Every structure is written in C-alpha cells, then in structure tokens.
file final.csv (CSV, C-alpha atoms)
chain,number,residue,atom,x,y,z
M,3,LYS,CA,7.2,7.4,7.0
M,4,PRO,CA,6.3,5.4,3.8
M,5,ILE,CA,9.1,3.3,2.4
M,6,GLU,CA,9.7,2.3,-1.2
M,7,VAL,CA,9.4,-1.3,-2.2
M,8,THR,CA,10.4,-2.9,-5.5
M,9,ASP,CA,10.0,-6.2,-7.3
M,10,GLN,CA,13.3,-7.3,-5.7
M,11,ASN,CA,12.5,-6.6,-2.0
M,12,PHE,CA,8.7,-6.9,-2.2
M,13,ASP,CA,8.5,-10.4,-0.9
M,14,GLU,CA,11.3,-9.8,1.7
M,15,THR,CA,9.4,-6.8,3.1
M,16,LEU,CA,6.1,-8.6,3.4
M,17,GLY,CA,7.7,-11.5,5.3
M,18,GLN,CA,9.3,-9.3,7.9
M,19,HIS,CA,6.3,-7.2,9.0
M,20,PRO,CA,3.0,-8.5,10.3
M,21,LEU,CA,0.9,-5.8,8.6
M,22,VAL,CA,1.9,-3.9,5.5
M,23,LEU,CA,-0.1,-1.5,3.4
M,24,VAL,CA,1.2,-1.3,-0.2
M,25,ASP,CA,0.3,1.6,-2.4
M,26,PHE,CA,0.5,0.8,-6.1
M,27,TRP,CA,1.1,4.2,-7.7
M,28,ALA,CA,2.5,6.2,-10.6
M,29,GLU,CA,3.8,9.8,-10.9
M,30,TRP,CA,1.5,10.4,-13.9
M,31,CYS,CA,-1.6,9.7,-11.9
M,32,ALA,CA,-3.3,12.7,-10.3
M,33,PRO,CA,-5.4,10.5,-7.9
M,34,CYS,CA,-2.1,9.1,-6.6
M,35,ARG,CA,-0.8,12.5,-5.7
M,36,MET,CA,-4.0,13.0,-3.7
M,37,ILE,CA,-3.7,10.0,-1.4
M,38,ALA,CA,0.1,10.4,-0.9
M,39,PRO,CA,-0.2,12.8,2.1
M,40,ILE,CA,-3.1,10.7,3.4
M,41,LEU,CA,-0.9,7.6,3.4
M,42,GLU,CA,1.7,9.6,5.2
M,43,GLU,CA,-0.7,10.4,8.1
M,44,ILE,CA,-1.7,6.8,8.1
M,45,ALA,CA,2.0,5.8,8.5
M,46,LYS,CA,2.3,8.1,11.5
M,47,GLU,CA,-0.9,7.2,13.2
M,48,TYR,CA,-0.2,3.4,13.0
M,49,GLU,CA,3.6,3.6,13.4
M,50,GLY,CA,5.0,0.4,15.1
M,51,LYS,CA,1.9,-1.6,14.1
M,52,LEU,CA,1.8,-0.9,10.3
M,53,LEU,CA,4.4,-0.5,7.6
M,54,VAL,CA,3.3,1.7,4.7
M,55,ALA,CA,5.1,0.8,1.5
M,56,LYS,CA,4.9,2.3,-2.0
M,57,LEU,CA,5.2,0.4,-5.2
M,58,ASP,CA,5.8,2.5,-8.4
M,59,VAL,CA,4.1,0.5,-11.1
M,60,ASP,CA,6.2,2.2,-13.9
M,61,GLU,CA,9.4,0.9,-12.3
M,62,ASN,CA,8.0,-2.4,-11.1
M,63,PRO,CA,5.8,-3.8,-13.9
M,64,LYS,CA,6.2,-7.4,-12.8
M,65,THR,CA,4.9,-6.7,-9.3
M,66,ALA,CA,1.8,-4.9,-10.7
M,67,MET,CA,1.2,-7.8,-13.2
M,68,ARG,CA,1.7,-10.3,-10.4
M,69,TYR,CA,-1.3,-8.9,-8.5
M,70,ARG,CA,-3.0,-7.7,-11.7
M,71,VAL,CA,-3.2,-4.1,-10.6
M,72,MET,CA,-4.6,-2.4,-13.7
M,73,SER,CA,-6.1,0.7,-12.1
M,74,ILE,CA,-4.2,3.0,-9.9
M,75,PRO,CA,-4.2,4.1,-7.2
M,76,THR,CA,-4.7,0.6,-5.7
M,77,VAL,CA,-3.8,-0.1,-2.1
M,78,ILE,CA,-3.5,-3.7,-0.8
M,79,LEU,CA,-3.1,-4.6,2.9
M,80,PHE,CA,-1.0,-7.7,3.7
M,81,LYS,CA,-1.2,-9.5,7.1
M,82,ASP,CA,1.5,-12.0,7.8
M,83,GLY,CA,2.6,-11.7,4.2
M,84,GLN,CA,-0.8,-12.5,2.7
M,85,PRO,CA,-3.3,-10.0,1.1
M,86,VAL,CA,-6.4,-9.3,3.2
M,87,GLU,CA,-7.9,-6.1,2.0
M,88,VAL,CA,-7.9,-4.0,-1.2
M,89,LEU,CA,-8.9,-0.3,-1.7
M,90,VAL,CA,-9.2,0.9,-5.3
M,91,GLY,CA,-9.1,4.6,-6.1
M,92,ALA,CA,-8.3,7.8,-4.1
M,93,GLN,CA,-10.4,7.7,-1.0
M,94,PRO,CA,-10.8,9.5,2.4
M,95,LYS,CA,-8.4,8.5,5.2
M,96,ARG,CA,-11.3,6.9,7.2
M,97,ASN,CA,-11.7,4.2,4.6
M,98,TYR,CA,-8.1,3.1,5.0
M,99,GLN,CA,-8.3,3.3,8.8
M,100,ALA,CA,-11.4,1.0,8.8
M,101,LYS,CA,-9.6,-1.7,6.8
M,102,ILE,CA,-6.4,-1.4,8.8
M,103,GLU,CA,-8.1,-1.6,12.2
M,104,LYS,CA,-10.1,-4.5,11.0
M,105,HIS,CA,-6.9,-6.5,11.2
M,106,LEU,CA,-5.3,-5.0,14.2
M,107,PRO,CA,-5.4,-6.8,17.6
call {"tool": "encode", "arguments": {"input": "final.csv", "output": "structure tokens"}}
result
Amino acid sequence: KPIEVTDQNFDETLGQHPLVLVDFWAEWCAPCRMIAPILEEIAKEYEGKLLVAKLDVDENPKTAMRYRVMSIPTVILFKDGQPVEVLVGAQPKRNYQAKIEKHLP
C-alpha cells in the first residue's frame, strides 16, 4: 500500500526504487480525497513493479517548492530517480495506468 515520504527521505526513496509514483496532496483538498482510493488500487495492481508514495505538501513545503507543485493533487512518476510523467488534478485510474505502463518493461 501507499507509503509516506517526507523532505527527509524523499531522495532516499527515489534512489532505491526503479519506479515511484508520488502523490502531492493535502488533507484540505477534496480532489485529493477522491484519488486516494484510486492510488491504492494502483499500488496493488502494480505491486513489486511500482512504489506509490504520498507527499503531504502542508508538512513538506520544501519538497513541493522544489518541484514547484502549486496545484494539488499533482502526481509525478519517477523512473530511476528522475521525473518522467506528471498528472495534474483528480483523474480516472486509467490515466495513471497509461503513464505507468508507458515506463514498464
């Protein structure tokens, strides 16, 4: 299931997994609540091939600033530690699947 990442372990997490989907979210954002369960299904479907991580922008402002994430929810896919895809806003699960499978062997 989705793990939590912070400004402290953000880099360490990205360097240990070949493919990581990071959800930049906030508890005061309705759209974020909507994709939460969707990201959970994504976590299961791609277990072993994808790590789903969640970055709470209110608790990790420097990480959000780092990537200039001004609108949430925003999901960024990292491959070998580098960003490769971005999905802005609450969206159907198929949109995430498409960008994930685009980078899977």
call {"tool": "closest_atom_pairs", "arguments": {"input": "final.csv", "of": "stretch 44-80 of chain M", "to": "stretch 14-33 of chain M", "cutoff": "9 Å", "atoms": "only C-alpha atoms", "output": "tab-separated table"}}
result
residue	atom	partner	partner_atom	distance
M:51	CA	M:21	CA	7.0
M:52	CA	M:21	CA	5.3
M:53	CA	M:22	CA	4.7
M:54	CA	M:23	CA	4.8
M:55	CA	M:24	CA	4.7
M:56	CA	M:25	CA	4.7
M:57	CA	M:26	CA	4.8
M:58	CA	M:27	CA	5.0
M:59	CA	M:27	CA	5.9
M:60	CA	M:28	CA	6.4
M:61	CA	M:28	CA	8.9
M:66	CA	M:26	CA	7.4
M:71	CA	M:26	CA	7.6
M:73	CA	M:26	CA	8.9
M:74	CA	M:27	CA	5.9
M:75	CA	M:27	CA	5.3
M:76	CA	M:26	CA	5.2
M:77	CA	M:25	CA	4.4
M:78	CA	M:24	CA	5.3
M:79	CA	M:23	CA	4.3
M:80	CA	M:22	CA	5.1
call {"tool": "atom_distance", "arguments": {"input": "final.csv", "atom1": "atom CA of residue M:49", "atom2": "atom CA of residue M:86"}}
result
19.2 Å
call {"tool": "closest_residue", "arguments": {"input": "final.csv", "among": "M:93, M:63, M:72, M:48", "to": "residue M:106", "atoms": "all atoms listed in the file"}}
result
M:48
call {"tool": "atom_distance", "arguments": {"input": "final.csv", "atom1": "atom CA of residue M:46", "atom2": "atom CA of residue M:11"}}
result
22.4 Å
call {"tool": "closest_residue", "arguments": {"input": "final.csv", "among": "M:3, M:81, M:44, M:37", "to": "residue M:100", "atoms": "only C-alpha atoms"}}
result
M:44
call {"tool": "closest_residue", "arguments": {"input": "final.csv", "among": "M:92, M:5, M:67, M:102", "to": "residue M:42", "atoms": "all atoms listed in the file"}}
result
M:5
call {"tool": "decode", "arguments": {"input": "final.csv", "residues": "stretch 78-93 of chain M", "atoms": "N, CA, C and O atoms", "output": "mmCIF file, in the first residue's frame"}}
result
data_model
loop_
_atom_site.group_PDB
_atom_site.id
_atom_site.type_symbol
_atom_site.label_atom_id
_atom_site.label_comp_id
_atom_site.auth_asym_id
_atom_site.auth_seq_id
_atom_site.Cartn_x
_atom_site.Cartn_y
_atom_site.Cartn_z
ATOM 1 N N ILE M 78 3.533 12.792 -9.672
ATOM 2 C CA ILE M 78 4.714 12.750 -10.534
ATOM 3 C C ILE M 78 5.322 11.352 -10.498
ATOM 4 O O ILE M 78 5.532 10.779 -9.429
ATOM 5 N N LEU M 79 5.573 10.796 -11.675
ATOM 6 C CA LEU M 79 6.171 9.472 -11.779
ATOM 7 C C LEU M 79 7.674 9.637 -11.980
ATOM 8 O O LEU M 79 8.111 10.425 -12.812
ATOM 9 N N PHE M 80 8.450 8.893 -11.196
ATOM 10 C CA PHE M 80 9.907 8.921 -11.245
ATOM 11 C C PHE M 80 10.415 7.547 -11.670
ATOM 12 O O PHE M 80 9.960 6.532 -11.148
ATOM 13 N N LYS M 81 11.358 7.529 -12.606
ATOM 14 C CA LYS M 81 11.954 6.288 -13.094
ATOM 15 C C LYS M 81 13.451 6.417 -12.836
ATOM 16 O O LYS M 81 14.076 7.377 -13.278
ATOM 17 N N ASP M 82 14.023 5.466 -12.108
ATOM 18 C CA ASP M 82 15.447 5.528 -11.785
ATOM 19 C C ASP M 82 15.772 6.865 -11.111
ATOM 20 O O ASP M 82 16.816 7.467 -11.368
ATOM 21 N N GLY M 83 14.856 7.331 -10.263
ATOM 22 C CA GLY M 83 15.060 8.571 -9.535
ATOM 23 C C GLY M 83 14.794 9.879 -10.256
ATOM 24 O O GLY M 83 14.867 10.939 -9.637
ATOM 25 N N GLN M 84 14.485 9.825 -11.548
ATOM 26 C CA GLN M 84 14.229 11.043 -12.311
ATOM 27 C C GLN M 84 12.765 11.146 -12.758
ATOM 28 O O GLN M 84 12.150 10.149 -13.127
ATOM 29 N N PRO M 85 12.186 12.359 -12.715
ATOM 30 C CA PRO M 85 10.786 12.533 -13.125
ATOM 31 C C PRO M 85 10.576 12.260 -14.612
ATOM 32 O O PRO M 85 11.352 12.726 -15.449
ATOM 33 N N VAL M 86 9.532 11.500 -14.935
ATOM 34 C CA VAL M 86 9.246 11.181 -16.326
ATOM 35 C C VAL M 86 7.815 11.493 -16.781
ATOM 36 O O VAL M 86 7.571 11.658 -17.972
ATOM 37 N N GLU M 87 6.878 11.589 -15.838
ATOM 38 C CA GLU M 87 5.484 11.892 -16.165
ATOM 39 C C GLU M 87 4.834 12.695 -15.033
ATOM 40 O O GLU M 87 5.223 12.574 -13.866
ATOM 41 N N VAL M 88 3.854 13.521 -15.382
ATOM 42 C CA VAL M 88 3.146 14.328 -14.394
ATOM 43 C C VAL M 88 1.653 14.291 -14.698
ATOM 44 O O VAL M 88 1.245 14.385 -15.857
ATOM 45 N N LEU M 89 0.838 14.121 -13.668
ATOM 46 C CA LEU M 89 -0.607 14.135 -13.876
ATOM 47 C C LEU M 89 -1.170 15.137 -12.890
ATOM 48 O O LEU M 89 -1.054 14.958 -11.671
ATOM 49 N N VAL M 90 -1.764 16.200 -13.421
ATOM 50 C CA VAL M 90 -2.334 17.251 -12.594
ATOM 51 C C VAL M 90 -3.840 17.093 -12.448
ATOM 52 O O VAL M 90 -4.558 16.934 -13.436
ATOM 53 N N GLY M 91 -4.309 17.127 -11.203
ATOM 54 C CA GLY M 91 -5.734 17.018 -10.945
ATOM 55 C C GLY M 91 -6.247 15.610 -10.727
ATOM 56 O O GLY M 91 -5.586 14.636 -11.092
ATOM 57 N N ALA M 92 -7.429 15.506 -10.121
ATOM 58 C CA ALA M 92 -8.049 14.210 -9.865
ATOM 59 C C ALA M 92 -8.469 13.631 -11.206
ATOM 60 O O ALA M 92 -9.166 14.290 -11.979
ATOM 61 N N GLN M 93 -8.055 12.400 -11.477
ATOM 62 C CA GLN M 93 -8.370 11.763 -12.749
ATOM 63 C C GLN M 93 -8.714 10.293 -12.606
ATOM 64 O O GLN M 93 -8.393 9.668 -11.599
#
